[PDB]
Amino acid sequence: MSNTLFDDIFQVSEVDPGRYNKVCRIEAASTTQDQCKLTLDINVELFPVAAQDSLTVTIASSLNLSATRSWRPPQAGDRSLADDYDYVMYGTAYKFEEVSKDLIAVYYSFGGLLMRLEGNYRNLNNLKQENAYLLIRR
Amino acid sequence: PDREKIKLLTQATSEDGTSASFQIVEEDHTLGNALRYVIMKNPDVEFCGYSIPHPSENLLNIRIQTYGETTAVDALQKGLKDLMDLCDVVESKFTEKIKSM
Amino acid sequence: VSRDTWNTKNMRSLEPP
Amino acid sequence: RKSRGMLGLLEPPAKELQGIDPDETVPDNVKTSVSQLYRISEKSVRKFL
């Protein structure tokens with residue numbers, strides 16, 4: 001509940017594969033938030049995206065609501081987020097930049113799959129930290 | 001008692017097991033890849049993989065990393081036994097079909 | 001064909017030299 | 001900082017109330033926004049030097 005740093009419904013404008021066969025840079029404008037734009041690289045082989053479809057994009061930290069140092073998948077029967085989401089990526093917000101007054105852009109890298117999120121008032125929710133899960137459902 | 005066949009590489013071994021490199025002489029991609037597949041089918045293994053450091057040496061370093069439940073030696077023994085069972089099954093099916101035809 | 005030879009025959013050649 | 005309305009302290013302050021933090025009147029919103037965009041810690045400056 002309090003682990004979601006961002007959540008919105010986006011209308012996908014463009015989906016173009018630029019010299020790629022399984023990754024597409026989708027462009028999506030928000031619904032009810034006219035200042036909120038979204039550019040996102042998605043594995044369209046696992047999560048196919050077409051033009052002009054509705055995407056629910058949720059940015060969450062601590063998806064699951066030893067000192068082994070190697071990531072371990074959660075148990076199969078674990079009540080967690082991403083159960084109600086088709087496509088989930090894990091990355092890091094590595095840059096915050098201002099695009100104008102009361103409008104900033106936040107950049108995430110999900111292993112090289114980039115995402116640029118544009119908005120105005122999120123200063124108390126989005127931080128430059130490795131803990132950032134991106135959840136998309138259709 | 002062959003003490004020169006498989007060795008534990010102590011420099012590449014963690015504390016309390018769960019991470020170990022085994023050097024197996026006179027083995028190559030044949031045993032390496034099958035063993036890696038079988039060991040990776042073990043739910044406790046988080047990292048399996050072999051490398052032949054040089055083509056001029058009959059050598060094979062296989063790296064096993066597990067979670068805290070079992071040790072890399074345990075996982076390696078389990079993978080070897082499971083490969084044995086796999087080959088048993090293949091032998092039985094092949095013999096049955098060759099007899100039947 | 002269609003007859004086993006391994007069951008009857010001791011595989012001496014498969015021992016390690 | 002001065003584009004956010006709050007005082008852009010390029011020069012050190014010099015007044016009677018100089019000791020107080022001039023970011024108190026900011027309602028905790030553009031402060032965290034500024035810390036979100038640019039946040040230069042002293043450890044970072046010393047490490048760069």
# chains A, B, ... in the order shown; residues from 1 in each chain; ligands from 1
call {"tool": "residues_around", "arguments": {"residues": "segment 124-135 of chain A", "least_positions_apart": "4", "cutoff": "6 Å", "atoms": "only C-alpha atoms", "output": "PDB file with N, CA, C and O atoms, in the first residue's frame"}}
result
ATOM      1  N   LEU A   5       5.382   4.099  -5.043  1.00  0.00           N
ATOM      2  CA  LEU A   5       5.860   5.471  -5.144  1.00  0.00           C
ATOM      3  C   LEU A   5       5.190   6.236  -6.273  1.00  0.00           C
ATOM      4  O   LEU A   5       5.239   7.470  -6.293  1.00  0.00           O
ATOM      5  N   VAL A  57       0.832   1.670 -15.009  1.00  0.00           N
ATOM      6  CA  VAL A  57       2.238   1.700 -14.634  1.00  0.00           C
ATOM      7  C   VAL A  57       2.333   2.046 -13.158  1.00  0.00           C
ATOM      8  O   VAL A  57       1.822   3.085 -12.723  1.00  0.00           O
ATOM      9  N   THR A  58       2.984   1.179 -12.391  1.00  0.00           N
ATOM     10  CA  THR A  58       3.154   1.370 -10.959  1.00  0.00           C
ATOM     11  C   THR A  58       4.629   1.250 -10.613  1.00  0.00           C
ATOM     12  O   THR A  58       5.261   0.237 -10.929  1.00  0.00           O
ATOM     13  N   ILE A  59       5.173   2.279  -9.970  1.00  0.00           N
ATOM     14  CA  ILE A  59       6.536   2.260  -9.456  1.00  0.00           C
ATOM     15  C   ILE A  59       6.465   1.936  -7.973  1.00  0.00           C
ATOM     16  O   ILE A  59       5.812   2.652  -7.206  1.00  0.00           O
ATOM     17  N   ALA A  60       7.128   0.856  -7.570  1.00  0.00           N
ATOM     18  CA  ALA A  60       7.071   0.400  -6.192  1.00  0.00           C
ATOM     19  C   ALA A  60       8.459   0.013  -5.712  1.00  0.00           C
ATOM     20  O   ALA A  60       9.263  -0.542  -6.463  1.00  0.00           O
ATOM     21  N   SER A  61       8.733   0.320  -4.453  1.00  0.00           N
ATOM     22  CA  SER A  61       9.879  -0.225  -3.745  1.00  0.00           C
ATOM     23  C   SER A  61       9.407  -1.338  -2.821  1.00  0.00           C
ATOM     24  O   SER A  61       8.259  -1.351  -2.371  1.00  0.00           O
ATOM     25  N   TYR A  87       3.690  -7.561 -16.217  1.00  0.00           N
ATOM     26  CA  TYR A  87       5.087  -7.322 -16.563  1.00  0.00           C
ATOM     27  C   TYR A  87       5.739  -6.521 -15.448  1.00  0.00           C
ATOM     28  O   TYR A  87       5.232  -5.462 -15.071  1.00  0.00           O
ATOM     29  N   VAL A  88       6.854  -7.025 -14.923  1.00  0.00           N
ATOM     30  CA  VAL A  88       7.560  -6.394 -13.815  1.00  0.00           C
ATOM     31  C   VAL A  88       9.040  -6.303 -14.157  1.00  0.00           C
ATOM     32  O   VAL A  88       9.634  -7.281 -14.621  1.00  0.00           O
ATOM     33  N   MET A  89       9.630  -5.133 -13.930  1.00  0.00           N
ATOM     34  CA  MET A  89      11.065  -4.944 -14.064  1.00  0.00           C
ATOM     35  C   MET A  89      11.639  -4.312 -12.803  1.00  0.00           C
ATOM     36  O   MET A  89      10.939  -3.628 -12.054  1.00  0.00           O
ATOM     37  N   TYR A  90      12.928  -4.551 -12.585  1.00  0.00           N
ATOM     38  CA  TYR A  90      13.652  -4.038 -11.431  1.00  0.00           C
ATOM     39  C   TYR A  90      14.840  -3.230 -11.927  1.00  0.00           C
ATOM     40  O   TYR A  90      15.683  -3.751 -12.663  1.00  0.00           O
ATOM     41  N   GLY A  91      14.909  -1.966 -11.523  1.00  0.00           N
ATOM     42  CA  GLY A  91      15.989  -1.108 -11.959  1.00  0.00           C
ATOM     43  C   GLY A  91      16.325  -0.023 -10.962  1.00  0.00           C
ATOM     44  O   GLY A  91      15.954  -0.120  -9.791  1.00  0.00           O
ATOM     45  N   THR A  92      17.017   1.020 -11.411  1.00  0.00           N
ATOM     46  CA  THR A  92      17.452   2.086 -10.524  1.00  0.00           C
ATOM     47  C   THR A  92      17.168   3.441 -11.150  1.00  0.00           C
ATOM     48  O   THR A  92      17.412   3.649 -12.340  1.00  0.00           O
ATOM     49  N   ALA A  93      16.633   4.353 -10.344  1.00  0.00           N
ATOM     50  CA  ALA A  93      16.530   5.753 -10.736  1.00  0.00           C
ATOM     51  C   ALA A  93      17.914   6.368 -10.608  1.00  0.00           C
ATOM     52  O   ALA A  93      18.426   6.523  -9.498  1.00  0.00           O
ATOM     53  N   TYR A  94      18.530   6.702 -11.738  1.00  0.00           N
ATOM     54  CA  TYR A  94      19.906   7.171 -11.752  1.00  0.00           C
ATOM     55  C   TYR A  94      20.039   8.653 -12.066  1.00  0.00           C
ATOM     56  O   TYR A  94      21.144   9.193 -11.956  1.00  0.00           O
TER      57      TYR A  94
END
call {"tool": "interface_residues", "arguments": {"of": "chain A", "to": "chain D", "cutoff": "9 Å", "atoms": "only C-alpha atoms", "output": "VMD selection string"}}
result
chain A and resid 95 to 98 101 to 102 104 121 to 124 126 to 128
call {"tool": "select_by_dssp", "arguments": {"residues": "chain A", "states": "strand (DSSP E)", "output": "CSV table (one decimal) with N, CA, C and O atoms, in the first residue's frame"}}
result
chain,number,residue,atom,x,y,z
A,4,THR,N,4.1,1.8,-2.9
A,4,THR,CA,4.0,2.3,-4.2
A,4,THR,C,4.4,3.8,-4.3
A,4,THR,O,3.7,4.6,-3.6
A,5,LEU,N,5.4,4.1,-5.0
A,5,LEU,CA,5.9,5.5,-5.1
A,5,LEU,C,5.2,6.2,-6.3
A,5,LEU,O,5.2,7.5,-6.3
A,6,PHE,N,4.6,5.5,-7.2
A,6,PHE,CA,3.9,6.2,-8.3
A,6,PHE,C,2.9,5.1,-8.9
A,6,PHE,O,3.2,3.9,-8.9
A,7,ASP,N,1.8,5.7,-9.5
A,7,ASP,CA,0.8,4.8,-10.0
A,7,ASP,C,-0.1,5.6,-10.9
A,7,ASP,O,-0.6,6.7,-10.5
A,8,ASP,N,-0.3,5.2,-12.2
A,8,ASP,CA,-1.1,6.0,-13.1
A,8,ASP,C,-1.5,5.1,-14.3
A,8,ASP,O,-1.0,4.0,-14.5
A,9,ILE,N,-2.5,5.5,-15.0
A,9,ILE,CA,-3.0,4.9,-16.2
A,9,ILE,C,-2.4,5.7,-17.4
A,9,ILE,O,-2.6,6.9,-17.5
A,10,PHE,N,-1.8,5.0,-18.3
A,10,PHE,CA,-1.1,5.6,-19.5
A,10,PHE,C,-1.8,5.1,-20.8
A,10,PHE,O,-2.1,4.0,-20.9
A,11,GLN,N,-1.9,6.1,-21.7
A,11,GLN,CA,-2.4,5.7,-23.0
A,11,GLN,C,-1.2,5.7,-24.0
A,11,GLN,O,-0.5,6.7,-24.1
A,12,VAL,N,-0.9,4.6,-24.6
A,12,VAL,CA,0.3,4.4,-25.4
A,12,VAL,C,0.1,5.1,-26.7
A,12,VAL,O,-0.8,4.7,-27.5
A,13,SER,N,1.0,6.0,-27.0
A,13,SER,CA,0.9,6.7,-28.3
A,13,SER,C,1.7,6.1,-29.4
A,13,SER,O,1.2,5.8,-30.4
A,14,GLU,N,3.0,5.8,-29.2
A,14,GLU,CA,3.9,5.2,-30.2
A,14,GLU,C,4.5,3.9,-29.6
A,14,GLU,O,4.9,3.9,-28.4
A,15,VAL,N,4.7,2.9,-30.5
A,15,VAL,CA,5.5,1.7,-30.2
A,15,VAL,C,6.3,1.5,-31.4
A,15,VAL,O,5.8,1.0,-32.4
A,16,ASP,N,7.6,1.9,-31.3
A,16,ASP,CA,8.5,1.7,-32.5
A,16,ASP,C,9.7,0.8,-32.1
A,16,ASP,O,10.4,1.1,-31.1
A,23,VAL,N,12.6,-5.7,-28.2
A,23,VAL,CA,12.4,-4.6,-27.3
A,23,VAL,C,11.9,-3.4,-28.1
A,23,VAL,O,12.4,-3.1,-29.1
A,24,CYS,N,10.9,-2.7,-27.5
A,24,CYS,CA,10.3,-1.6,-28.2
A,24,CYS,C,10.2,-0.4,-27.2
A,24,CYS,O,9.9,-0.6,-26.0
A,25,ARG,N,10.5,0.8,-27.7
A,25,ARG,CA,10.4,2.0,-27.0
A,25,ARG,C,9.0,2.6,-27.1
A,25,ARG,O,8.7,3.2,-28.1
A,26,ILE,N,8.2,2.3,-26.1
A,26,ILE,CA,6.8,2.8,-26.2
A,26,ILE,C,6.8,4.3,-25.7
A,26,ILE,O,7.6,4.7,-24.8
A,27,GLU,N,5.9,5.1,-26.2
A,27,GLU,CA,5.6,6.4,-25.7
A,27,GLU,C,4.2,6.4,-25.3
A,27,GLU,O,3.3,5.9,-26.0
A,28,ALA,N,3.9,6.9,-24.0
A,28,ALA,CA,2.6,6.8,-23.4
A,28,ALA,C,2.4,8.1,-22.7
A,28,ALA,O,3.2,8.5,-21.9
A,29,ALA,N,1.2,8.7,-23.0
A,29,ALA,CA,0.7,9.9,-22.2
A,29,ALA,C,-0.2,9.5,-21.1
A,29,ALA,O,-1.0,8.5,-21.3
A,30,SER,N,-0.2,10.2,-20.0
A,30,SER,CA,-1.1,9.8,-18.9
A,30,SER,C,-2.5,10.2,-19.2
A,30,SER,O,-2.8,11.1,-20.0
A,37,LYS,N,4.1,12.4,-19.0
A,37,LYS,CA,4.5,11.6,-20.2
A,37,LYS,C,5.3,10.4,-19.7
A,37,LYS,O,5.8,10.4,-18.6
A,38,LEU,N,5.5,9.5,-20.6
A,38,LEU,CA,6.3,8.3,-20.3
A,38,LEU,C,6.9,7.7,-21.5
A,38,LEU,O,6.2,7.4,-22.5
A,39,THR,N,8.2,7.5,-21.4
A,39,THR,CA,9.0,6.8,-22.4
A,39,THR,C,9.6,5.5,-21.8
A,39,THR,O,10.2,5.7,-20.7
A,40,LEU,N,9.4,4.4,-22.4
A,40,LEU,CA,9.7,3.1,-21.7
A,40,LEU,C,10.1,2.1,-22.7
A,40,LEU,O,9.5,1.9,-23.7
A,41,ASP,N,11.3,1.4,-22.4
A,41,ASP,CA,11.7,0.3,-23.2
A,41,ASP,C,11.1,-1.0,-22.6
A,41,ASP,O,11.4,-1.3,-21.4
A,42,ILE,N,10.4,-1.8,-23.4
A,42,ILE,CA,9.7,-3.0,-22.9
A,42,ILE,C,10.1,-4.2,-23.8
A,42,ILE,O,10.2,-4.0,-25.0
A,43,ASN,N,10.3,-5.3,-23.1
A,43,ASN,CA,10.4,-6.6,-23.9
A,43,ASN,C,9.0,-6.9,-24.4
A,43,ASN,O,8.2,-7.5,-23.6
A,54,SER,N,-4.4,0.8,-23.0
A,54,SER,CA,-4.3,1.3,-21.7
A,54,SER,C,-3.3,0.5,-20.9
A,54,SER,O,-3.3,-0.7,-20.8
A,55,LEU,N,-2.3,1.2,-20.2
A,55,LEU,CA,-1.3,0.6,-19.4
A,55,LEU,C,-1.4,1.1,-18.0
A,55,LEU,O,-1.4,2.4,-17.8
A,56,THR,N,-1.4,0.3,-17.0
A,56,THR,CA,-1.3,0.7,-15.6
A,56,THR,C,0.1,0.5,-15.1
A,56,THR,O,0.6,-0.6,-14.9
A,57,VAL,N,0.8,1.7,-15.0
A,57,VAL,CA,2.2,1.7,-14.6
A,57,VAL,C,2.3,2.0,-13.2
A,57,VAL,O,1.8,3.1,-12.7
A,58,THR,N,3.0,1.2,-12.4
A,58,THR,CA,3.2,1.4,-11.0
A,58,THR,C,4.6,1.2,-10.6
A,58,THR,O,5.3,0.2,-10.9
A,59,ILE,N,5.2,2.3,-10.0
A,59,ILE,CA,6.5,2.3,-9.5
A,59,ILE,C,6.5,1.9,-8.0
A,59,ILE,O,5.8,2.7,-7.2
A,60,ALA,N,7.1,0.9,-7.6
A,60,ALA,CA,7.1,0.4,-6.2
A,60,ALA,C,8.5,0.0,-5.7
A,60,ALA,O,9.3,-0.5,-6.5
A,87,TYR,N,3.7,-7.6,-16.2
A,87,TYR,CA,5.1,-7.3,-16.6
A,87,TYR,C,5.7,-6.5,-15.4
A,87,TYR,O,5.2,-5.5,-15.1
A,88,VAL,N,6.9,-7.0,-14.9
A,88,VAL,CA,7.6,-6.4,-13.8
A,88,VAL,C,9.0,-6.3,-14.2
A,88,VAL,O,9.6,-7.3,-14.6
A,89,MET,N,9.6,-5.1,-13.9
A,89,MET,CA,11.1,-4.9,-14.1
A,89,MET,C,11.6,-4.3,-12.8
A,89,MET,O,10.9,-3.6,-12.1
A,90,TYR,N,12.9,-4.6,-12.6
A,90,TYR,CA,13.7,-4.0,-11.4
A,90,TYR,C,14.8,-3.2,-11.9
A,90,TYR,O,15.7,-3.8,-12.7
A,92,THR,N,17.0,1.0,-11.4
A,92,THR,CA,17.5,2.1,-10.5
A,92,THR,C,17.2,3.4,-11.2
A,92,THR,O,17.4,3.6,-12.3
A,93,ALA,N,16.6,4.4,-10.3
A,93,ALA,CA,16.5,5.8,-10.7
A,93,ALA,C,17.9,6.4,-10.6
A,93,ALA,O,18.4,6.5,-9.5
A,94,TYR,N,18.5,6.7,-11.7
A,94,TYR,CA,19.9,7.2,-11.8
A,94,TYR,C,20.0,8.7,-12.1
A,94,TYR,O,21.1,9.2,-12.0
A,95,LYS,N,19.0,9.3,-12.4
A,95,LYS,CA,19.0,10.7,-12.8
A,95,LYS,C,17.7,11.4,-12.5
A,95,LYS,O,16.7,10.9,-13.0
A,96,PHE,N,17.7,12.5,-11.9
A,96,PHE,CA,16.6,13.5,-11.8
A,96,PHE,C,17.0,14.8,-12.5
A,96,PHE,O,18.0,15.3,-12.1
A,97,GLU,N,16.2,15.2,-13.4
A,97,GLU,CA,16.5,16.5,-14.1
A,97,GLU,C,15.2,17.3,-14.3
A,97,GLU,O,14.1,16.7,-14.3
A,98,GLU,N,15.4,18.6,-14.2
A,98,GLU,CA,14.3,19.5,-14.4
A,98,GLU,C,14.1,19.8,-15.9
A,98,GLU,O,15.1,20.1,-16.6
A,99,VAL,N,12.9,19.7,-16.4
A,99,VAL,CA,12.6,20.0,-17.8
A,99,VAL,C,12.1,21.5,-17.9
A,99,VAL,O,12.1,22.0,-19.0
A,100,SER,N,11.5,22.0,-16.8
A,100,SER,CA,11.0,23.4,-16.7
A,100,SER,C,10.7,23.6,-15.3
A,100,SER,O,10.9,22.8,-14.4
A,103,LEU,N,8.1,21.0,-13.2
A,103,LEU,CA,8.1,19.9,-14.1
A,103,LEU,C,9.5,19.2,-14.2
A,103,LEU,O,10.4,19.9,-14.5
A,104,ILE,N,9.6,18.0,-13.8
A,104,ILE,CA,10.8,17.3,-13.7
A,104,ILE,C,10.7,15.9,-14.4
A,104,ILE,O,9.6,15.4,-14.6
A,105,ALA,N,11.9,15.4,-14.8
A,105,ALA,CA,12.0,14.1,-15.5
A,105,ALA,C,12.8,13.2,-14.6
A,105,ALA,O,13.9,13.6,-14.1
A,106,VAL,N,12.3,11.9,-14.5
A,106,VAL,CA,13.0,10.9,-13.6
A,106,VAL,C,13.4,9.8,-14.5
A,106,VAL,O,12.6,9.3,-15.3
A,107,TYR,N,14.7,9.3,-14.5
A,107,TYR,CA,15.2,8.3,-15.4
A,107,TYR,C,15.5,7.1,-14.6
A,107,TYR,O,16.3,7.1,-13.6
A,108,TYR,N,15.0,6.0,-15.1
A,108,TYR,CA,15.2,4.6,-14.6
A,108,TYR,C,15.9,3.8,-15.6
A,108,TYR,O,15.6,3.9,-16.8
A,109,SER,N,16.8,2.9,-15.1
A,109,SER,CA,17.5,1.9,-16.0
A,109,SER,C,17.2,0.5,-15.4
A,109,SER,O,17.7,0.2,-14.3
A,110,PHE,N,16.4,-0.3,-16.1
A,110,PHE,CA,16.1,-1.6,-15.7
A,110,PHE,C,17.0,-2.6,-16.5
A,110,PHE,O,16.6,-3.3,-17.4
A,113,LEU,N,17.2,-1.3,-20.1
A,113,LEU,CA,15.9,-0.9,-20.6
A,113,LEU,C,15.5,0.4,-19.9
A,113,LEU,O,15.2,0.4,-18.7
A,114,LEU,N,15.6,1.5,-20.6
A,114,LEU,CA,15.4,2.8,-20.0
A,114,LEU,C,14.0,3.2,-19.8
A,114,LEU,O,13.1,2.7,-20.5
A,115,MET,N,13.7,4.1,-18.9
A,115,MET,CA,12.4,4.7,-18.7
A,115,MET,C,12.6,6.1,-18.3
A,115,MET,O,13.3,6.4,-17.3
A,116,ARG,N,11.9,7.0,-19.0
A,116,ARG,CA,11.9,8.5,-18.6
A,116,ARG,C,10.5,8.8,-18.2
A,116,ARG,O,9.6,8.7,-19.0
A,117,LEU,N,10.3,9.2,-17.0
A,117,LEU,CA,9.0,9.6,-16.5
A,117,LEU,C,9.0,11.1,-16.2
A,117,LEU,O,9.9,11.7,-15.6
A,118,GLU,N,7.9,11.8,-16.7
A,118,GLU,CA,7.8,13.2,-16.6
A,118,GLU,C,6.6,13.6,-15.8
A,118,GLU,O,5.5,13.0,-15.9
A,119,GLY,N,6.8,14.6,-14.9
A,119,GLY,CA,5.7,15.0,-14.0
A,119,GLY,C,6.1,16.2,-13.2
A,119,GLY,O,7.2,16.8,-13.4
A,133,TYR,N,10.9,-1.1,-8.3
A,133,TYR,CA,10.2,-2.1,-9.1
A,133,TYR,C,9.2,-1.3,-10.0
A,133,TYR,O,8.5,-0.5,-9.6
A,134,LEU,N,9.2,-1.7,-11.3
A,134,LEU,CA,8.2,-1.1,-12.3
A,134,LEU,C,7.3,-2.2,-12.7
A,134,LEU,O,7.7,-3.3,-13.2
A,135,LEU,N,6.0,-2.0,-12.5
A,135,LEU,CA,4.9,-3.0,-12.7
A,135,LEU,C,4.0,-2.4,-13.7
A,135,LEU,O,3.4,-1.4,-13.6
A,136,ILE,N,3.8,-3.2,-14.8
A,136,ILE,CA,2.9,-2.8,-15.9
A,136,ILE,C,1.8,-3.9,-16.0
A,136,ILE,O,2.2,-5.1,-16.0
A,137,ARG,N,0.6,-3.5,-16.0
A,137,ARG,CA,-0.5,-4.5,-16.4
A,137,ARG,C,-1.4,-3.8,-17.4
A,137,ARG,O,-1.5,-2.6,-17.5
call {"tool": "closest_atom_pairs", "arguments": {"of": "chain B", "to": "chain C", "cutoff": "9 Å", "atoms": "only C-alpha atoms", "output": "JSON lines"}}
result
{"residue": "B:95", "atom": "CA", "partner": "C:4", "partner_atom": "CA", "distance": 7.2}
{"residue": "B:97", "atom": "CA", "partner": "C:2", "partner_atom": "CA", "distance": 8.4}
{"residue": "B:98", "atom": "CA", "partner": "C:2", "partner_atom": "CA", "distance": 5.1}
{"residue": "B:99", "atom": "CA", "partner": "C:2", "partner_atom": "CA", "distance": 5.5}
{"residue": "B:100", "atom": "CA", "partner": "C:2", "partner_atom": "CA", "distance": 7.2}
{"residue": "B:101", "atom": "CA", "partner": "C:2", "partner_atom": "CA", "distance": 6.3}
call {"tool": "select_by_dssp", "arguments": {"residues": "chain B", "states": "alpha helix (DSSP H)", "output": "PyMOL selection string"}}
result
chain B and resi 29-40+72-100
call {"tool": "interface_residues", "arguments": {"of": "chain A", "to": "chain B", "cutoff": "9 Å", "atoms": "only C-alpha atoms", "output": "PyMOL selection string"}}
result
chain A and resi 66+68+70-72
call {"tool": "write_last_selection", "arguments": {"atoms": "N, CA and C atoms", "output": "mmCIF file, in the first residue's frame"}}
result
data_model
loop_
_atom_site.group_PDB
_atom_site.id
_atom_site.type_symbol
_atom_site.label_atom_id
_atom_site.label_comp_id
_atom_site.auth_asym_id
_atom_site.auth_seq_id
_atom_site.Cartn_x
_atom_site.Cartn_y
_atom_site.Cartn_z
ATOM 1 N N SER A 66 21.344 -13.818 6.332
ATOM 2 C CA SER A 66 21.944 -14.767 5.401
ATOM 3 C C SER A 66 23.301 -14.271 4.918
ATOM 4 N N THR A 68 24.128 -13.862 1.986
ATOM 5 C CA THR A 68 24.518 -14.659 0.828
ATOM 6 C C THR A 68 24.918 -13.787 -0.355
ATOM 7 N N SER A 70 23.747 -12.958 -3.056
ATOM 8 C CA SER A 70 23.177 -13.262 -4.359
ATOM 9 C C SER A 70 21.663 -13.202 -4.253
ATOM 10 N N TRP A 71 21.029 -12.550 -5.225
ATOM 11 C CA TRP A 71 19.581 -12.409 -5.204
ATOM 12 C C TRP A 71 18.913 -13.774 -5.256
ATOM 13 N N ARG A 72 17.900 -13.957 -4.417
ATOM 14 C CA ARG A 72 17.150 -15.192 -4.361
ATOM 15 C C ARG A 72 15.701 -14.930 -4.740
#
call {"tool": "residues_around", "arguments": {"residues": "residue 22 of chain D", "least_positions_apart": "4", "cutoff": "10 Å", "atoms": "only C-alpha atoms", "output": "list in words"}}
result
residues 6, 7, 8, 9, 13, 17, 18 and 26 of chain D
call {"tool": "atom_distance", "arguments": {"atom1": "atom CA of residue 47 of chain A", "atom2": "atom CA of residue 63 of chain A"}}
result
19.0 Å
call {"tool": "residues_around", "arguments": {"residues": "residue 17 of chain B", "least_positions_apart": "6", "cutoff": "8 Å", "atoms": "only C-alpha atoms", "output": "MDAnalysis selection string"}}
result
chainID B and resid 71:73
call {"tool": "write_last_selection", "arguments": {"atoms": "N, CA and C atoms", "output": "PDB file, in the first residue's frame"}}
result
ATOM      1  N   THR B  71      25.253 -27.283   0.937  1.00  0.00           N
ATOM      2  CA  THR B  71      26.595 -26.881   0.545  1.00  0.00           C
ATOM      3  C   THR B  71      26.850 -27.232  -0.916  1.00  0.00           C
ATOM      4  N   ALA B  72      27.895 -26.617  -1.474  1.00  0.00           N
ATOM      5  CA  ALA B  72      28.244 -26.871  -2.867  1.00  0.00           C
ATOM      6  C   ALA B  72      28.653 -28.323  -3.080  1.00  0.00           C
ATOM      7  N   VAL B  73      29.334 -28.921  -2.101  1.00  0.00           N
ATOM      8  CA  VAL B  73      29.687 -30.336  -2.197  1.00  0.00           C
ATOM      9  C   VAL B  73      28.431 -31.198  -2.217  1.00  0.00           C
TER      10      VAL B  73
END
